[PDB]
Amino acid sequence: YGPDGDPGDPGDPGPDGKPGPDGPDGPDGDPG
Amino acid sequence: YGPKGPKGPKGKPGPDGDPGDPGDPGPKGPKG
Amino acid sequence: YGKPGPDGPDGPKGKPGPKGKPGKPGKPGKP
């Protein structure tokens, strides 16, 4: 009897995403 | 506004963020 | 008093991850 409780507070923001992949390794230099 | 029931449980965390952007390509080596 | 309140709304989506490390430099060319 009487009002129901307030909704719980909104959840926390999700964890930060995974680190981005490394860039491609550069090609080796041209022959001399 | 008469006694309310207990406040609900806090919400679950949000989803993980996106993986980061790809890294910069490594430079080409110097010529031989 | 009434029933316990509803479970809270889900939180927002996480932030994007950090940008990846640079690729390795290429090695010098053969002489």
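In what follows, every chain begins at residue 1, and chains take the letters A, B, ... in the order their sequences are listed. As a basis for the values below, the full set of heavy atoms in this structure was taken, side chains included, without hydrogen atoms, waters or symmetry mates.
Of all heavy-atom pairs between A:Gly5 and C:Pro6, the closest is O-CD, 3.8 Å. Here the shortest heavy-atom pairing between C:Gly26 and B:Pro30 reads O-CD, 4.4 Å. Nearest heavy-atom pair across A:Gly11 and C:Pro12 is O-CD, 3.9 Å.
By the neighbour-count criterion of 12 heavy atoms within 6.0 Å, atom NZ of C:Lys3 is sparsely surrounded, having that number or fewer from other residues, nucleotides or ligands.
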Hey, can you pull the donor-acceptor pairs under 3.5 Å for the side chains in residues 1-14 of chain B, sequence neighbours left out?
{"residue": "B:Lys4", "atom": "NZ", "partner": "A:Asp6", "partner atom": "OD1", "Å": "2.9"}
{"residue": "B:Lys4", "atom": "NZ", "partner": "A:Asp6", "partner atom": "OD2", "Å": "3.3"}
{"residue": "B:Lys7", "atom": "NZ", "partner": "A:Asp9", "partner atom": "OD1", "Å": "2.8"}
{"residue": "B:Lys10", "atom": "NZ", "partner": "A:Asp12", "partner atom": "OD1", "Å": "2.9"}
{"residue": "B:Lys10", "atom": "NZ", "partner": "A:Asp12", "partner atom": "OD2", "Å": "3.1"}

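Under the salt bridge (charged side-chain N to carboxylate O under 4.0 Å, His left out) criterion, C:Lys30 pairs with no residue, sequence neighbours left out. A:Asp30 pairs by the side chain to side chain donor-acceptor pair (under 3.5 Å) definition with B:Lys28, not counting sequence neighbours.
Using modelled atom types, one side-chain atom of A:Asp28 and one backbone atom of C:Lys27 make a donor-acceptor pair closer than 3.5 Å.
Residue pairs that meet the salt bridge (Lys or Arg N to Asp or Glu O under 4.0 Å) test with at least one member in residues 17-26 of chain A, sequence neighbours left out, do not exist here.
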